[PDB]
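Take a look at the structure set out below.
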RNA sequence: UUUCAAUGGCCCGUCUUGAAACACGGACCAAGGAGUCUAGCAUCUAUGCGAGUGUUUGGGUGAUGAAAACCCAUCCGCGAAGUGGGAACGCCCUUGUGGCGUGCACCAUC
RNA sequence: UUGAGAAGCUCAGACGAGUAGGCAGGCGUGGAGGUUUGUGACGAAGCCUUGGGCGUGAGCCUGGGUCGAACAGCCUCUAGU
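What follows is the structure in structure tokens.
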């Protein structure tokens, strides 16, 4: 079998139309969730900083965001990752704190019974 | 007696482990040189511009 | 590909071959004959010469390079390893962007093979050089 | 000027792009051949198409 | 190496204006019919449907 | 006196700008070399665009006659900048525009001698030529400037005596008229230049003191 | 063009074989009918840039077809890691002749 | 003296079998980009012809007849040539 790439420009267009389709549904919030900053796990790459999967629970507790609130305002949680050093904790705590500064959370209507 | 295969894979990996930083430093040093190797303005070039 | 005309389709290289065809037969210089022969040569037979080789060859032994133009039918690349560039005057088919900037900012000038033909039509006071073909 | 840049200054819209340089500065080969600098040192031209 | 410095700008009614623009350096670039037709040959193949 | 107007695409604008520049050159102020270098970029292209032979004969006459108009203090800078822009742009001209620029250089060659004669009425001739010989030596006849074309100097040698005789039809006084050529032939690093300039030059040692 | 006269003229291809002999294939005509595409490698040439080089996995963008063209974030691949002869040049000066120097590439000598 | 498609023009001498194989330049076909401000119902293409011409040749141009709606030269690209 020989795989051909004639749909390469048609996949590019289809993926872009999905981003536009996604943005139409969720109008003002970002098309991606904020990702942490981590360091790759080798002696070849540990100097580089890249994006992680989600923020650790210890990073969210320091930033002031609970693990149940976090998912609702676009902050992924990684229950697996941990902070073995204070630099990873502070690098990503500041990342969450900056995110909260630039964030507008629209209020939600709440059911409110008469008494009690 | 000579070496063991436990470190042989570690030595070759440590050899290519510096490939990333060597490429990063080579790219970084090149841009510094290009910043220094800028031909002057030749003020007779904005005469009509 | 090397005998009576270049294999190159570059129009401007044909204009240089045309200019040195006139200079080779209307002058009794072996420089014009040597330059014309090297214009027919292929890219493999015209190796680049570094800016460091030009600086080394001119200021070699007794040095006293004076102001003789260095002529190479080829590309003058750059040697970033050398830090101080002397005042050189080189005429070449091509200079790289870094080599041209280093030669100009560090004193001297860069010429084309037609700018030198007007300065030294017989190639007098020229240092004809070549790149090593070992590669 | 921003799309293409100059032969010495980089293009604004193309990162690290400079206009190509020419193998000849002046491309009028007739001007070089028939110049005072060159015609003053050439030996006396033989005839054109010669008699049989 | 010496070319016209500026170019004139024409109005809607085809009349010249007093404004002028310095000739961009791209018009002084080498003209390479060999290179243009080699690149064109390749680029012209880049919208071909398979058969 | 705008330089952009001097290189306009229509001849009417270029002529108007040339006339306005006539007053600008006669101010009692010192223009720096760069100011004249930019001014001579437009003036070179005003001459570069002249179309018919009759116009470019008069245009070169207008540019040459501009020299006495300039203030005496910065008149030398006007000529020295003319020969700088005629050396860096000479090799870029095409074969159909060289004849129009040969005449301009010839008219300016005689414009130097005529200015020498004018200043000789008040000041002594020896110092006037010394000022001009300094201009020739620092400019076109510089030995450290390898890039100055020989076509300009070959033209200057061909017309040096013939344009000096025009300025002094009756008699030519003793002076260092041929000093720039003597310095060039002796100590130039262009073997083609020094082997051919004595052939082109026709210096008359009849008046100059024997060495 | 047909035909006559004079002179000459063994059936083509394949295989065989010094050569042929051969043995094969051929009733005739039309149409179809066989070194192609692709991946890797090496030489050579051209082109671009050059201690660098390679945009097209992808992203950005593209209103006149938007599967094109145009743009490039992070990677990654591949590269980087003294004496003689001699091209060319100047100076001579008995001027040619030769000599005096400077000596590329490359080859010999340490 | 006009004879610079310098890829042109021009002068001179020698030489000419050829399998395998090596090399160069050309002829023709389908389609593509450009071009000829191209040809065509006052007749395109095709076919026919003891009509004529050009080229060493592959081939090409043309008259007459037949015919009825498309087609070609030049530069480049391409191949189920």
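Protein chains in written order, with this note's numbering: chain R, 94 to 209; chain D, 29 to 77; chain Y, 298 to 432; chain H, 522 to 573; chain L, 2 to 52; chain U, -2 to 208.
Virtual Cβ for every residue (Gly too), placed ideally from N, Cα, C.
Check, Outcome
"Whole runs of the alpha helix (DSSP H) within the segment 105 to 148 of chain U, excluding any shorter than 4 residues", "122 to 135"
"Residue 50/D at chain Y interface by Cβ criterion, 7 Å", "no"
"Simplified DSSP assignment, three categories, for residue 3/U", "helix"
"Interface flag, residue 529/H vs chain D, CB-CB below 7 Å", "yes"
"Beta-carbon proximity of residue 381/Y to residue 546/H, cut-off 7 Å", "no"
"Status (buried if at least 16 other CB within 10 Å, exposed otherwise) for residue 347/Y", "buried"
"For residue 18/L, three-class secondary structure by DSSP", "strand"
"C-alpha gap between residue 137/U and residue 105/U, whole angstroms", "13 Å"
"Cutoff 7 Å: residue 65/D Cβ touching any chain Y Cβ", "yes"
"Distance between beta carbons of residue 355/Y and residue 362/Y, contact taken as under 8 Å", "4 Å"
"N-terminal and C-terminal residue of the alpha helix (DSSP H) that residue 406/Y is part of", "Note, residue 406/Y: premise wrong, no alpha helix (DSSP H); beta strand (DSSP E) at 406 to 408."
"In chain order, each beta strand (DSSP E) run of at least 3 residues that lies wholly inside the segment 321 to 393 of chain Y", "366 to 374 and 386 to 392"
"Same chain, Cβ closer than 7 Å to residue 190/R, neighbours up to 5 away in sequence not counted", "156"
"Range covered by the alpha helix (DSSP H) that runs through residue 176/U", "176 to 183"
"Interface residues of the segment 24 to 52 of chain L facing chain H [CB-CB below 7 Å]", "25, 26, 27, 30 and 31"
"Unbroken beta strand (DSSP E) run spanning residue 204/U, endpoints", "Run containing residue 204/U: none; DSSP gives neither H nor E here."
"Residues of the segment 544 to 573 of chain H with Cβ closer than 8 Å to any Cβ of chain U, in chain order", "546, 547, 549, 551, 552, 555, 556, 557, 558, 561 and 562"
"Helix, strand or coil at residue 143/R [DSSP, three-state]", "strand"
"Beta strand (DSSP E) segments (min. 3 residues) lying fully within the segment 30 to 57 of chain D", "none"
"Rounded Cβ spacing between residue 553/H and residue 414/Y (contact assumed at less than 8 Å)", "6 Å"
"Among 132/R, 176/R and 134/R, the one whose alpha carbon lies nearest that of residue 151/R", "176/R"
"Candidates 59/U, 207/U, 148/U and 141/U, of which the one nearest residue 180/U by Cα", "141/U"
"Bridge-paired residues (DSSP) for residue 419/Y", "Paired residue(s): none; residue 419/Y is not in a bridge."
"Residue 31/L versus 309/Y, 423/Y, 338/Y and 388/Y, residue with shortest Cα-Cα distance", "309/Y"
"Straight-line Cα distance separating residue 198/R from residue 182/R", "25 Å"
"Under 7 Å from the C-beta of residue 540/H: neighbouring residues of chain L", "26, 27 and 30"
"Alpha-carbon spacing of residue 399/Y relative to residue 180/R, whole angstroms", "43 Å"
"Residue 168/R to residue 160/R span [Cα, whole Å]", "9 Å"
"Cutoff 7 Å: residue 90/U Cβ touching any chain L Cβ", "yes"
"Test: residue 432/Y CB closer than 7 Å to a CB of chain D", "no"
"The segment 22 to 38 of chain L / the segment 5 to 18 of chain U touching (three or more Cβ pairs under 8 Å)", "no"
"Three-state class that DSSP yields for residue 8/L in the structure shown", "strand"
"Residue 162/R beta carbon near the ligand ADP (any heavy atom closer than 6 Å)", "For the structure depicted, the ligand ADP is absent and the ligand set is empty, with no information on it obtainable."
"DSSP state of residue 36/U mapped onto helix, strand, coil", "helix"
"Supposed close pair residue 73/U, residue 128/U - CB separation, criterion 8 Å", "6 Å"
"Neighbour flag for residue 56/D against chain U, beta carbons, 7 Å", "no"
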